[PDB]
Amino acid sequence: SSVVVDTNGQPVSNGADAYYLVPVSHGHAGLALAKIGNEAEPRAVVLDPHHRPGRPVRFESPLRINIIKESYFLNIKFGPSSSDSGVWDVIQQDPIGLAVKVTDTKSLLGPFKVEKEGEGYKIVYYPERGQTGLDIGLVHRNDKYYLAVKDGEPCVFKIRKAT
């Protein structure tokens, strides 16, 4: 039910602004893309020490309200607002597991919620809307932290408006 808030105490906007997700426990690491399996292009969303503050994200709901609440199902994307590229999804892929990846399509209602956790927020993934959520955490591999389902062990972020 609560409004999601940025590091300056302002409500997070619905698509209008981009935000850095700043991890509280891995301060020297930012959002980036990396290769997973035998893939040519980097499509996995990671926290990378050589990428700080990292690529910023937008949070999008079809609801015609200009702020985001913890109860809204969201698309999360890199890049511009009205685009369909850089859209986060969760895809089973070795060696990571339920890996957060980027794709080039965007459903009406995305599968994510942003929920308060400790001193910031966690990203929670919903396989379907009626169900309980799965925390997004980190899989440490190849000197980076792949975002993946890790229920019980969320990566806690502060949300800093890109400006």
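In case it trips you up, residue 1 is the first one in the sequence shown, and so on.
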inquiry  = Mean CA temperature factor from the deposited coordinates, higher in 101-109 or in 33-41?
reply    = 33-41
ask   = Mean C-alpha B factor from the entry: is it higher for 92-100 or for 52-60?
value = 52-60
ask   = Taking the values straight from the PDB record, which of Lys69, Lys122, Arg129, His26 has the highest C-alpha temperature factor?
value = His26
query = Split the chain's modelled residues into thirds by Cα B-factor; is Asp151 in the lowest, middle or highest one?
reply = middle
inquiry  = Which third, lowest, middle or highest, does the C-alpha temperature factor of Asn14 belong to within its own chain?
reply    = lowest
query = Against its chain's modelled residues, does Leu47's Cα B factor rank lowest, middle or highest third?
reply = highest
